[PDB]
Amino acid sequence: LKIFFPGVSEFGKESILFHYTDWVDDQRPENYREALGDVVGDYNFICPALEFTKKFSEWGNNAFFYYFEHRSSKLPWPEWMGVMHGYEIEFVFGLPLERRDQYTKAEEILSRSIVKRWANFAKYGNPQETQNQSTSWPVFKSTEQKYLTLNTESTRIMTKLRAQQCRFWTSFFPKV
Amino acid sequence: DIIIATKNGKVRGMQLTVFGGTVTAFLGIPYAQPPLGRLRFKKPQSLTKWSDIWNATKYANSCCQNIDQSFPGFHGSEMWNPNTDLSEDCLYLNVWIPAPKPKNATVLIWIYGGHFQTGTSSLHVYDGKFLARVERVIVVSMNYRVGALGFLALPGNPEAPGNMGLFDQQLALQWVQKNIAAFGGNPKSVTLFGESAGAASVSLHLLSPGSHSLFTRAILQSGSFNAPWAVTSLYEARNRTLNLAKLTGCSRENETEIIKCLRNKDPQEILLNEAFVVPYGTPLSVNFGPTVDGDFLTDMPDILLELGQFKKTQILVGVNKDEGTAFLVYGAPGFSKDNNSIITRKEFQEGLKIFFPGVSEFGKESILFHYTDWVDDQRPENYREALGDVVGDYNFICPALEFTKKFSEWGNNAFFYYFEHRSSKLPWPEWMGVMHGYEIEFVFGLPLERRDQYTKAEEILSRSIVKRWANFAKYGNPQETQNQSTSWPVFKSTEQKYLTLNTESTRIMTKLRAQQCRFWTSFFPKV
Amino acid sequence: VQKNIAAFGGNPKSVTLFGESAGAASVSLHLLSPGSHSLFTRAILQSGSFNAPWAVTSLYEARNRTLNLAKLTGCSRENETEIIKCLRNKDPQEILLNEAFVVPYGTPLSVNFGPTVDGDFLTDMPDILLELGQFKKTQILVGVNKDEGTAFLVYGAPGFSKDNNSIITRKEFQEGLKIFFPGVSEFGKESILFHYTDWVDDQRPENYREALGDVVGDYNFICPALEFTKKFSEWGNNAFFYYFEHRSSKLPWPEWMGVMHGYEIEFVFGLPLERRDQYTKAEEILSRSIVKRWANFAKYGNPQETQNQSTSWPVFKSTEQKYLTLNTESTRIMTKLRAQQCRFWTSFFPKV
Ligand SMILES: *[C@@H]1O[C@H](CO[C@H]2O[C@@H](C)[C@@H](O)[C@@H](O)[C@@H]2O)[C@@H](O[C@@H]2O[C@H](CO)[C@@H](O)[C@H](O)[C@H]2NC(C)=O)[C@H](O)[C@H]1NC(C)=O
Ligand SMILES: *[C@@H]1O[C@H](CO[C@H]2O[C@@H](C)[C@@H](O)[C@@H](O)[C@@H]2O)[C@@H](O[C@@H]2O[C@H](CO)[C@@H](O)[C@H](O)[C@H]2NC(C)=O)[C@H](O)[C@H]1NC(C)=O
Ligand SMILES: *[C@@H]1O[C@H](CO[C@H]2O[C@@H](C)[C@@H](O)[C@@H](O)[C@@H]2O)[C@@H](O[C@@H]2O[C@H](CO)[C@@H](O)[C@H](O)[C@H]2NC(C)=O)[C@H](O)[C@H]1NC(C)=O
Ligand SMILES: *[C@@H]1O[C@H](CO[C@H]2O[C@@H](C)[C@@H](O)[C@@H](O)[C@@H]2O)[C@@H](O[C@@H]2O[C@H](CO)[C@@H](O)[C@H](O)[C@H]2NC(C)=O)[C@H](O)[C@H]1NC(C)=O
Ligand SMILES: *[C@@H]1O[C@H](CO[C@H]2O[C@@H](C)[C@@H](O)[C@@H](O)[C@@H]2O)[C@@H](O)[C@H](O)[C@H]1NC(C)=O
Ligand SMILES: *[C@@H]1O[C@H](CO[C@H]2O[C@@H](C)[C@@H](O)[C@@H](O)[C@@H]2O)[C@@H](O)[C@H](O)[C@H]1NC(C)=O
Ligand SMILES: *[C@@H]1O[C@H](CO)[C@@H](O)[C@H](O)[C@H]1NC(C)=O
Ligand SMILES: *[C@@H]1O[C@H](CO)[C@@H](O)[C@H](O)[C@H]1NC(C)=O
Ligand SMILES: *[C@@H]1O[C@H](CO)[C@@H](O)[C@H](O)[C@H]1NC(C)=O
Ligand SMILES: *[C@@H]1O[C@H](CO)[C@@H](O)[C@H](O)[C@H]1NC(C)=O
Ligand SMILES: *[C@@H]1O[C@H](CO)[C@@H](O)[C@H](O)[C@H]1NC(C)=O
Ligand SMILES: *[C@@H]1O[C@H](CO)[C@@H](O)[C@H](O)[C@H]1NC(C)=O
Ligand SMILES: [Cl-]
Ligand SMILES: [Cl-]
Ligand SMILES: [Cl-]
Ligand SMILES: [Cl-]
Ligand SMILES: [Cl-]
Ligand SMILES: [Cl-]
Ligand SMILES: [Cl-]
Ligand SMILES: [Cl-]
Ligand SMILES: [Cl-]
Ligand SMILES: [Cl-]
Ligand SMILES: [Cl-]
Ligand SMILES: [Cl-]
Ligand SMILES: [Cl-]
Ligand SMILES: [N+]
Ligand SMILES: [N+]
Ligand SMILES: [N+]
Ligand SMILES: [N+]
Ligand SMILES: [N+]
Ligand SMILES: [N+]
């Protein structure tokens, strides 16, 4: 925490520890390893993205929010690093469409669908895959806060990503 | 020493040590005339009544039943077999009360499953002591007649009118109405809960006008009366009563004479033939079950449900993630508990003949079509996975969801769960996943017991299930209010929210198996 | 009262309970008790409610305390009924003398011996019953005073005196917290300091003095009253909330103590109606109006003064949370009392 919040008071840093290390529960040695990943991701990336989306949409525009959760079968970083920062890009640009490239078939399918959704968004302002019986992507409103999960198995409609964590970063932490 | 005075007389119980405190148990209190000789197949008649102390200190006789012998020596299946003598003398119940004795406690009544052909209340995973200790509720469970001895039917005729085992249940609820105040219980706060055929039974007590005033609320685990296996048509119940008489050489002419012949046959002869009164049985077969008797059940239950003729109250309904897997090892080709059961397309197609014996060719093609559009890899575990899903969706999940929509449309709060934790002790292999029947130990609180070798995470999940179930009984709202738990939303049509139960993170989700159930609920009834 | 009040002219079907502090927590518990449901109609809670941190003892600590008392009186037995039996021989002075230290760290707010979940009067933890709407359905009138906390500061917070203005330093505030939150972690206590000492701003020496009063009042009185009111009203009943803000012109405690805990009572019972008593005229008027409102509440379930063109008192709903201020000058309709402070006590602090 000293590395990531150089200063930042002692109490400030205690409060991160308190809100991310209430154990649920086993011990479970990968526990502090997992929490520190979550602290850095929640604070730097996820919570401000969600807060931008609420604020922007409150002024009447359609917004669409995704949660990308596939770990690339080619990733050269190890397992405990999971679905890393930056590793959706190859999906968006369609590299798994290239068969010589040694991606799985499932990965090809997921890319083709990301590409369609991104492109329908550019041309139409609506990122649906309309033809192959895909899950419909709902607009993000405050109150409900629906978002779509992207993975090789099953896309889901979920609500309120990191609700607990972002209450911490967005309303408590600015004050330290 | 602990004597309670009931209406029929005195009963003595025993004290048990449980997690540093104490529970009082009364095991095997009689609740009807044993149904022997002249009373076989008749409804349960009321107890003669006694003097002196009846010692309710050990479990009683389980009801006569055929035993599962496909995996002898194997804990995964022998855990469901009876663990007291079998006998026609089997109409008994159990009570666990907190200590100190409560003032006016809520009561949970368990009704076991067993496809209506088996089951017993004295099983380890049905032991009510933990719930009594931990949540200070009183827990009750009863033995009821199963198989032909409990559900043989020749409707009209009171010599064998159908539904006997359901009336056994009803009369046990009755006992609780008259007697539970003496043990500290509130007869005005009773929740029925049950699993599989037990869950279908509880659902039928919601339809029965004679049960309306015997309970408050209901919990249905993996089972409901609209499931395809739950009610026998009057038509097939005759074909089966007659097929049994023929087989035992009891074929008479005057109907009451058939029943009379059957009362001389020793019970082994009747169990031995029960098995093939159906010309094509499945691992899901219910040879002898509930019927529209015109007494317990006054019309086809699909109709009563659709037209809102049930008791108005709160229900809690839920299902497990892999309901179907367990039935695949009782006869689907290519399946084994002793290997990963990768199966081919031919084996899947054949699998369907086992589970939909007839059922047309087109009917069966249509299941294949809707469950084998590949997404995608190949992925050899693909047909193995689909067949599990077909059997679970059709038999368990889709009718549970359809029951919940229909019930809630008439204005009552409903709560739906999706149980998705595989027990770290499960003796069946990995590919079987979160099996049918393996939430029960969670509900009764076995992982609360530390010597038992469950994980800590599993202890936590149990403690939370127990609280939610108990808050449901006492309050009609299954929240865990104190430890910052996820709130459980009511199930309405339109949105259809439900709660997932697992060791990591509970989630609010919507529209479980939307695609699959559109298939089973609107397309398939027509084949 | 149920059996006998008809003989004295009273309507046993029109009974309102009212009480202050532990009295208010008691009335709130009669709303939870199934044996009290049919013994009253409506309820008035002044500065107190059963969800206050001082109101219910856990079964756990009640044992530690029953056992600590037996030990102290030399009554330590083995068979439990034998402990009680020993205790019945002790003369009552011996029992009062030891009561004081069955807790290893007491506060000026200490409740050595209190309500517990007995499984008779009270069948479950009351937080749960409240949350899940298991209480008598009726109208309530709930309210609090502007400076609830000040009175407890002179029973042991360092630097405080009724005989001076009690300007205190930051070190004395921090120490004050050890007196009121004996344990309670370091981080817990830092978090109170952080949320009550962000200065707005001058310095302003009465600043830490003022904050400590506010901490003790918000935590012990105001925030649980407001939280009780939201929860109760969410189940469909009319609720009425007041904020009492008049300092009695006769108060014998000094100025910096403000509108103290307990000093609305004389107003409710109508002492300023008595002219010989040396209250101001304005105070007489305010009492007469409180009396009418309380009495209209008992008889009608609506605490209006209908005749003298008084301010209408709106019902408290969640969302808007309107309440009425009571003072000698002007009654106001306000919204969301201590919004910021109670977010702290109600959602953050339970977790430490
Ligand atoms: C209603 O009754 C007969 C019962 O026939 C059965 O006799 C039992 C004692 C038992 O051993 C069983 O296996 C046997 O089949 C059914 O007719 C039978 O149906 C099968 C297949 O259609 C034929 O191959 C049998 O030979 C035939 N037997 C007789 C004597 O007719 C009948 O199908 C059944 N109705 C239903 C809906 O299942
Ligand atoms: C998994 O096992 C099944 C089940 O039947 C078998 O049990 C095995 C553990 C093994 O002991 C085997 O000898 C025993 O028959 C296998 O299915 C069987 O496959 C063979 C094909 O030659 C036939 O003899 C059987 O008809 C067939 N029976 C049944 C009832 O399924 C299955 O092949 C095997 N799969 C694996 C290991 O991947
Ligand atoms: C439950 O009980 C003991 C009680 O100890 C106390 O004995 C009383 C008679 C009284 O005089 C009291 O002041 C005294 O402390 C508690 O253990 C005590 O805790 C303190 C601080 O932790 C220690 O310094 C004491 O020496 C210790 N005494 C003994 C005999 O163990 C215990 O803490 C208490 N539980 C709670 C939650 O407060
Ligand atoms: C206000 O008075 C307090 C209270 O204690 C004191 O009461 C005073 C009225 C006075 O008679 C004083 O002699 C008596 O001790 C003062 O707090 C005290 O401060 C002195 C510091 O030297 C210490 O002796 C005490 O430990 C301390 N005690 C307590 C219990 O608070 C306080 O300083 C004073 N403040 C003023 C006048 O602004
Ligand atoms: C025991 O409580 C009785 C009523 O309690 C229940 O009221 C029901 C209508 C339903 O709301 C239940 O869930 C309630 O908990 C009361 O009538 C009895 O007189 C009580 N008897 C005692 C204490 O002996
Ligand atoms: C006295 O009045 C009785 C009822 O008055 C009350 O009705 C309650 C239900 C509640 O609304 C109260 O606030 C009402 O004021 C009536 O039944 C009695 O018979 C009356 N008795 C007399 C005049 O002797
Ligand atoms: C949809 O259609 C074809 C097969 O019919 C499939 O291969 C393709 O990848 C899918 N299209 C999109 C845009 O995902
Ligand atoms: C029932 O239980 C007690 C055991 O202590 C025994 O002494 C009593 O006589 C028993 N009654 C029987 C066996 O009928
Ligand atoms: C059949 O015999 C029974 C048995 O005693 C008798 O009561 C009944 O009246 C008879 N009915 C017919 C139609 O033979
Ligand atoms: C909630 O509280 C305690 C710890 O404070 C915990 O151990 C317990 O298991 C939780 N209660 C429930 C009902 O899950
Ligand atoms: C304790 O003694 C009491 C007091 O007479 C008696 O009634 C009770 O049965 C005894 N219990 C134990 C466990 O010694
Ligand atoms: C209203 O009326 C009179 C004067 O008209 C006044 O003195 C009295 O105190 C007021 N009544 C109430 C209930 O406050
Ligand atoms: Cl999809
Ligand atoms: Cl939600
Ligand atoms: Cl999340
Ligand atoms: Cl799934
Ligand atoms: Cl084919
Ligand atoms: Cl949770
Ligand atoms: Cl949705
Ligand atoms: Cl799904
Ligand atoms: Cl103020
Ligand atoms: Cl400091
Ligand atoms: Cl006014
Ligand atoms: Cl406002
Ligand atoms: Cl304010
Ligand atoms: N990559
Ligand atoms: N990057
Ligand atoms: N098990
Ligand atoms: N089962
Ligand atoms: N006073
Ligand atoms: N007081």
# chains A, B, ... in the order shown; residues from 1 in each chain; ligands from 1
call {"tool": "interface_residues", "arguments": {"of": "chain A", "to": "chain B", "cutoff": "10 Å", "atoms": "only C-alpha atoms", "output": "VMD selection string"}}
result
chain A and resid 24 to 28 104 to 109 152 to 154 156 to 160
call {"tool": "write_last_selection", "arguments": {"atoms": "N, CA and C atoms", "output": "PDB file, in the first residue's frame"}}
result
ATOM      1  N   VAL A  24     -13.734 -13.667   4.120  1.00  0.00           N
ATOM      2  CA  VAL A  24     -14.899 -14.458   3.798  1.00  0.00           C
ATOM      3  C   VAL A  24     -14.432 -15.738   3.004  1.00  0.00           C
ATOM      4  N   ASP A  25     -13.557 -16.593   3.577  1.00  0.00           N
ATOM      5  CA  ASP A  25     -12.902 -16.461   4.907  1.00  0.00           C
ATOM      6  C   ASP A  25     -11.666 -17.387   4.988  1.00  0.00           C
ATOM      7  N   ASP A  26     -11.875 -18.645   4.569  1.00  0.00           N
ATOM      8  CA  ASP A  26     -11.039 -19.860   4.866  1.00  0.00           C
ATOM      9  C   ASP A  26      -9.560 -19.737   5.391  1.00  0.00           C
ATOM     10  N   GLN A  27      -8.785 -18.819   4.781  1.00  0.00           N
ATOM     11  CA  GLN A  27      -7.292 -18.709   4.887  1.00  0.00           C
ATOM     12  C   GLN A  27      -6.562 -19.946   4.319  1.00  0.00           C
ATOM     13  N   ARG A  28      -6.672 -20.240   3.010  1.00  0.00           N
ATOM     14  CA  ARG A  28      -6.904 -19.313   1.876  1.00  0.00           C
ATOM     15  C   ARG A  28      -5.719 -18.361   1.811  1.00  0.00           C
ATOM     16  N   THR A 104      -8.146 -20.684 -29.731  1.00  0.00           N
ATOM     17  CA  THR A 104      -9.203 -21.694 -29.724  1.00  0.00           C
ATOM     18  C   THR A 104     -10.375 -21.268 -30.640  1.00  0.00           C
ATOM     19  N   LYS A 105     -11.152 -22.236 -31.136  1.00  0.00           N
ATOM     20  CA  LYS A 105     -12.412 -21.924 -31.838  1.00  0.00           C
ATOM     21  C   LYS A 105     -13.368 -21.001 -31.036  1.00  0.00           C
ATOM     22  N   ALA A 106     -13.491 -21.274 -29.733  1.00  0.00           N
ATOM     23  CA  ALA A 106     -14.379 -20.553 -28.854  1.00  0.00           C
ATOM     24  C   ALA A 106     -13.931 -19.142 -28.830  1.00  0.00           C
ATOM     25  N   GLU A 107     -12.615 -18.946 -28.868  1.00  0.00           N
ATOM     26  CA  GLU A 107     -12.067 -17.600 -28.892  1.00  0.00           C
ATOM     27  C   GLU A 107     -12.364 -16.875 -30.224  1.00  0.00           C
ATOM     28  N   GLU A 108     -12.268 -17.585 -31.351  1.00  0.00           N
ATOM     29  CA  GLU A 108     -12.686 -17.041 -32.633  1.00  0.00           C
ATOM     30  C   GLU A 108     -14.145 -16.537 -32.607  1.00  0.00           C
ATOM     31  N   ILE A 109     -15.027 -17.365 -32.041  1.00  0.00           N
ATOM     32  CA  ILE A 109     -16.428 -17.020 -31.985  1.00  0.00           C
ATOM     33  C   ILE A 109     -16.653 -15.735 -31.170  1.00  0.00           C
ATOM     34  N   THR A 152     -16.355 -16.733 -23.056  1.00  0.00           N
ATOM     35  CA  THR A 152     -16.470 -17.680 -24.138  1.00  0.00           C
ATOM     36  C   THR A 152     -17.695 -18.554 -23.951  1.00  0.00           C
ATOM     37  N   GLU A 153     -18.154 -18.696 -22.708  1.00  0.00           N
ATOM     38  CA  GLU A 153     -19.299 -19.574 -22.476  1.00  0.00           C
ATOM     39  C   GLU A 153     -20.671 -18.902 -22.686  1.00  0.00           C
ATOM     40  N   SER A 154     -21.040 -17.975 -21.806  1.00  0.00           N
ATOM     41  CA  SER A 154     -22.429 -17.541 -21.761  1.00  0.00           C
ATOM     42  C   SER A 154     -22.454 -16.082 -21.439  1.00  0.00           C
ATOM     43  N   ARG A 156     -24.053 -12.910 -19.857  1.00  0.00           N
ATOM     44  CA  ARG A 156     -25.077 -12.620 -18.877  1.00  0.00           C
ATOM     45  C   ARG A 156     -25.385 -11.121 -18.746  1.00  0.00           C
ATOM     46  N   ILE A 157     -26.677 -10.835 -18.494  1.00  0.00           N
ATOM     47  CA  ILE A 157     -27.048  -9.534 -17.931  1.00  0.00           C
ATOM     48  C   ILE A 157     -26.980  -9.504 -16.391  1.00  0.00           C
ATOM     49  N   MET A 158     -26.108  -8.631 -15.885  1.00  0.00           N
ATOM     50  CA  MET A 158     -25.879  -8.435 -14.441  1.00  0.00           C
ATOM     51  C   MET A 158     -26.176  -6.989 -14.020  1.00  0.00           C
ATOM     52  N   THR A 159     -26.269  -6.763 -12.705  1.00  0.00           N
ATOM     53  CA  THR A 159     -26.493  -5.415 -12.188  1.00  0.00           C
ATOM     54  C   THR A 159     -25.484  -4.981 -11.114  1.00  0.00           C
ATOM     55  N   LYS A 160     -25.114  -3.690 -11.127  1.00  0.00           N
ATOM     56  CA  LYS A 160     -24.388  -2.996 -10.041  1.00  0.00           C
ATOM     57  C   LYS A 160     -22.967  -3.489  -9.749  1.00  0.00           C
TER      58      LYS A 160
END
call {"tool": "residues_around", "arguments": {"residues": "residue B:452", "least_positions_apart": "6", "cutoff": "12 Å", "atoms": "only C-alpha atoms", "output": "count of residues only"}}
result
7
call {"tool": "residues_near_ligand", "arguments": {"ligand": "ligand 3", "cutoff": "10 Å", "atoms": "only C-alpha atoms and all ligand atoms", "output": "ChimeraX atom specification"}}
result
/C:60-73,98-106,183
call {"tool": "write_last_selection", "arguments": {"atoms": "N, CA and C atoms", "output": "PDB file, in the first residue's frame"}}
result
ATOM      1  N   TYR C  60     -24.712 -12.978  26.002  1.00  0.00           N
ATOM      2  CA  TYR C  60     -23.319 -13.253  26.282  1.00  0.00           C
ATOM      3  C   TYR C  60     -22.827 -12.426  27.459  1.00  0.00           C
ATOM      4  N   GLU C  61     -22.951 -11.114  27.358  1.00  0.00           N
ATOM      5  CA  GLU C  61     -22.480 -10.238  28.408  1.00  0.00           C
ATOM      6  C   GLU C  61     -23.352 -10.281  29.628  1.00  0.00           C
ATOM      7  N   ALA C  62     -24.607 -10.661  29.495  1.00  0.00           N
ATOM      8  CA  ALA C  62     -25.447 -10.763  30.689  1.00  0.00           C
ATOM      9  C   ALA C  62     -24.997 -11.920  31.591  1.00  0.00           C
ATOM     10  N   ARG C  63     -24.506 -13.012  30.994  1.00  0.00           N
ATOM     11  CA  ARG C  63     -23.914 -14.102  31.744  1.00  0.00           C
ATOM     12  C   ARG C  63     -22.633 -13.619  32.405  1.00  0.00           C
ATOM     13  N   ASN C  64     -21.733 -12.976  31.649  1.00  0.00           N
ATOM     14  CA  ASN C  64     -20.451 -12.511  32.216  1.00  0.00           C
ATOM     15  C   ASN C  64     -20.699 -11.631  33.436  1.00  0.00           C
ATOM     16  N   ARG C  65     -21.857 -10.975  33.457  1.00  0.00           N
ATOM     17  CA  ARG C  65     -22.170 -10.011  34.491  1.00  0.00           C
ATOM     18  C   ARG C  65     -22.870 -10.628  35.706  1.00  0.00           C
ATOM     19  N   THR C  66     -23.846 -11.485  35.450  1.00  0.00           N
ATOM     20  CA  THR C  66     -24.398 -12.335  36.487  1.00  0.00           C
ATOM     21  C   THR C  66     -23.252 -13.076  37.180  1.00  0.00           C
ATOM     22  N   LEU C  67     -22.302 -13.609  36.422  1.00  0.00           N
ATOM     23  CA  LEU C  67     -21.226 -14.358  37.081  1.00  0.00           C
ATOM     24  C   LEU C  67     -20.225 -13.473  37.828  1.00  0.00           C
ATOM     25  N   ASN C  68     -19.883 -12.327  37.236  1.00  0.00           N
ATOM     26  CA  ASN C  68     -19.042 -11.341  37.908  1.00  0.00           C
ATOM     27  C   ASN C  68     -19.638 -10.808  39.240  1.00  0.00           C
ATOM     28  N   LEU C  69     -20.947 -10.579  39.290  1.00  0.00           N
ATOM     29  CA  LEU C  69     -21.621 -10.210  40.545  1.00  0.00           C
ATOM     30  C   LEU C  69     -21.580 -11.298  41.651  1.00  0.00           C
ATOM     31  N   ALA C  70     -21.809 -12.555  41.269  1.00  0.00           N
ATOM     32  CA  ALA C  70     -21.733 -13.683  42.199  1.00  0.00           C
ATOM     33  C   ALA C  70     -20.352 -13.807  42.761  1.00  0.00           C
ATOM     34  N   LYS C  71     -19.363 -13.708  41.888  1.00  0.00           N
ATOM     35  CA  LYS C  71     -17.979 -13.754  42.323  1.00  0.00           C
ATOM     36  C   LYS C  71     -17.723 -12.657  43.360  1.00  0.00           C
ATOM     37  N   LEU C  72     -18.162 -11.437  43.042  1.00  0.00           N
ATOM     38  CA  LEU C  72     -17.905 -10.269  43.884  1.00  0.00           C
ATOM     39  C   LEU C  72     -18.583 -10.326  45.229  1.00  0.00           C
ATOM     40  N   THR C  73     -19.801 -10.837  45.267  1.00  0.00           N
ATOM     41  CA  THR C  73     -20.492 -10.954  46.538  1.00  0.00           C
ATOM     42  C   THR C  73     -20.066 -12.214  47.244  1.00  0.00           C
ATOM     43  N   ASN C  98     -21.778  -3.579  44.498  1.00  0.00           N
ATOM     44  CA  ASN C  98     -20.952  -4.298  43.537  1.00  0.00           C
ATOM     45  C   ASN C  98     -21.395  -4.125  42.075  1.00  0.00           C
ATOM     46  N   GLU C  99     -22.704  -4.002  41.851  1.00  0.00           N
ATOM     47  CA  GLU C  99     -23.256  -3.669  40.541  1.00  0.00           C
ATOM     48  C   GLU C  99     -22.323  -2.803  39.689  1.00  0.00           C
ATOM     49  N   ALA C 100     -21.750  -1.789  40.332  1.00  0.00           N
ATOM     50  CA  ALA C 100     -20.909  -0.761  39.708  1.00  0.00           C
ATOM     51  C   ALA C 100     -19.742  -1.279  38.841  1.00  0.00           C
ATOM     52  N   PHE C 101     -19.045  -2.321  39.289  1.00  0.00           N
ATOM     53  CA  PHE C 101     -17.917  -2.874  38.530  1.00  0.00           C
ATOM     54  C   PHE C 101     -17.996  -4.362  38.159  1.00  0.00           C
ATOM     55  N   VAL C 102     -19.112  -4.766  37.560  1.00  0.00           N
ATOM     56  CA  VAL C 102     -19.199  -6.071  36.910  1.00  0.00           C
ATOM     57  C   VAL C 102     -18.761  -5.926  35.452  1.00  0.00           C
ATOM     58  N   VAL C 103     -18.702  -4.671  34.997  1.00  0.00           N
ATOM     59  CA  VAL C 103     -18.077  -4.305  33.717  1.00  0.00           C
ATOM     60  C   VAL C 103     -16.616  -3.904  33.983  1.00  0.00           C
ATOM     61  N   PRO C 104     -15.676  -4.396  33.152  1.00  0.00           N
ATOM     62  CA  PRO C 104     -14.281  -4.036  33.380  1.00  0.00           C
ATOM     63  C   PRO C 104     -13.957  -2.640  32.844  1.00  0.00           C
ATOM     64  N   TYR C 105     -14.736  -2.154  31.879  1.00  0.00           N
ATOM     65  CA  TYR C 105     -14.626  -0.752  31.474  1.00  0.00           C
ATOM     66  C   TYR C 105     -15.971  -0.043  31.247  1.00  0.00           C
ATOM     67  N   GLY C 106     -16.438   0.665  32.272  1.00  0.00           N
ATOM     68  CA  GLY C 106     -17.727   1.358  32.182  1.00  0.00           C
ATOM     69  C   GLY C 106     -17.625   2.754  31.607  1.00  0.00           C
ATOM     70  N   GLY C 183     -13.475   0.021  24.115  1.00  0.00           N
ATOM     71  CA  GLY C 183     -12.672  -0.733  23.145  1.00  0.00           C
ATOM     72  C   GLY C 183     -13.227  -1.632  22.080  1.00  0.00           C
TER      73      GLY C 183
END
call {"tool": "interface_residues", "arguments": {"of": "chain B", "to": "chain C", "cutoff": "9 Å", "atoms": "only C-alpha atoms", "output": "list in words"}}
result
residues 102, 103, 104, 105, 471, 475, 476, 477, 479, 480, 481 and 482 of chain B
call {"tool": "interface_residues", "arguments": {"of": "chain A", "to": "chain C", "cutoff": "10 Å", "atoms": "only C-alpha atoms", "output": "ChimeraX atom specification"}}
result
/A:10-12,14-15,18-19,22,172,175-176
call {"tool": "residues_near_ligand", "arguments": {"ligand": "ligand 16", "cutoff": "10 Å", "atoms": "only C-alpha atoms and all ligand atoms", "output": "list in words"}}
result
residues 153 and 154 of chain A; 320, 321, 322, 389, 418, 420, 512 and 513 of chain B
call {"tool": "residues_near_ligand", "arguments": {"ligand": "ligand 5", "cutoff": "6 Å", "atoms": "only C-alpha atoms and all ligand atoms", "output": "PyMOL selection string"}}
result
chain B and resi 104+186+188-189+474
call {"tool": "select_by_dssp", "arguments": {"residues": "stretch 15-79 of chain C", "states": "helix (DSSP H, G or I)", "output": "ChimeraX atom specification"}}
result
/C:22-30,34-39,59-72
call {"tool": "closest_atom_pairs", "arguments": {"of": "chain B", "to": "ligand 28", "cutoff": "12 Å", "atoms": "only C-alpha atoms and all ligand atoms", "output": "Markdown table"}}
result
| residue | atom | partner | partner_atom_place_in_ligand_line | distance |
| --- | --- | --- | --- | --- |
| B:74 | CA | ligand 28 | 1 (N) | 11.8 |
| B:75 | CA | ligand 28 | 1 (N) | 8.3 |
| B:76 | CA | ligand 28 | 1 (N) | 7.1 |
| B:77 | CA | ligand 28 | 1 (N) | 9.8 |
| B:78 | CA | ligand 28 | 1 (N) | 10.7 |
| B:79 | CA | ligand 28 | 1 (N) | 7.8 |
| B:80 | CA | ligand 28 | 1 (N) | 10.0 |
| B:123 | CA | ligand 28 | 1 (N) | 11.5 |
| B:124 | CA | ligand 28 | 1 (N) | 9.5 |
| B:125 | CA | ligand 28 | 1 (N) | 7.7 |
| B:126 | CA | ligand 28 | 1 (N) | 11.4 |
| B:422 | CA | ligand 28 | 1 (N) | 10.2 |
| B:423 | CA | ligand 28 | 1 (N) | 7.3 |
| B:424 | CA | ligand 28 | 1 (N) | 9.0 |
| B:425 | CA | ligand 28 | 1 (N) | 6.2 |
| B:426 | CA | ligand 28 | 1 (N) | 5.4 |
| B:427 | CA | ligand 28 | 1 (N) | 7.2 |
| B:428 | CA | ligand 28 | 1 (N) | 9.5 |
| B:434 | CA | ligand 28 | 1 (N) | 11.4 |
| B:435 | CA | ligand 28 | 1 (N) | 10.4 |
| B:436 | CA | ligand 28 | 1 (N) | 11.4 |
| B:437 | CA | ligand 28 | 1 (N) | 9.0 |
| B:438 | CA | ligand 28 | 1 (N) | 6.6 |
| B:439 | CA | ligand 28 | 1 (N) | 9.0 |
| B:440 | CA | ligand 28 | 1 (N) | 8.7 |
| B:441 | CA | ligand 28 | 1 (N) | 6.7 |
| B:442 | CA | ligand 28 | 1 (N) | 9.4 |
| B:444 | CA | ligand 28 | 1 (N) | 11.8 |
| B:445 | CA | ligand 28 | 1 (N) | 11.8 |
| B:446 | CA | ligand 28 | 1 (N) | 9.3 |
| B:447 | CA | ligand 28 | 1 (N) | 10.3 |
| B:452 | CA | ligand 28 | 1 (N) | 10.7 |
| B:453 | CA | ligand 28 | 1 (N) | 11.2 |
| B:454 | CA | ligand 28 | 1 (N) | 10.3 |
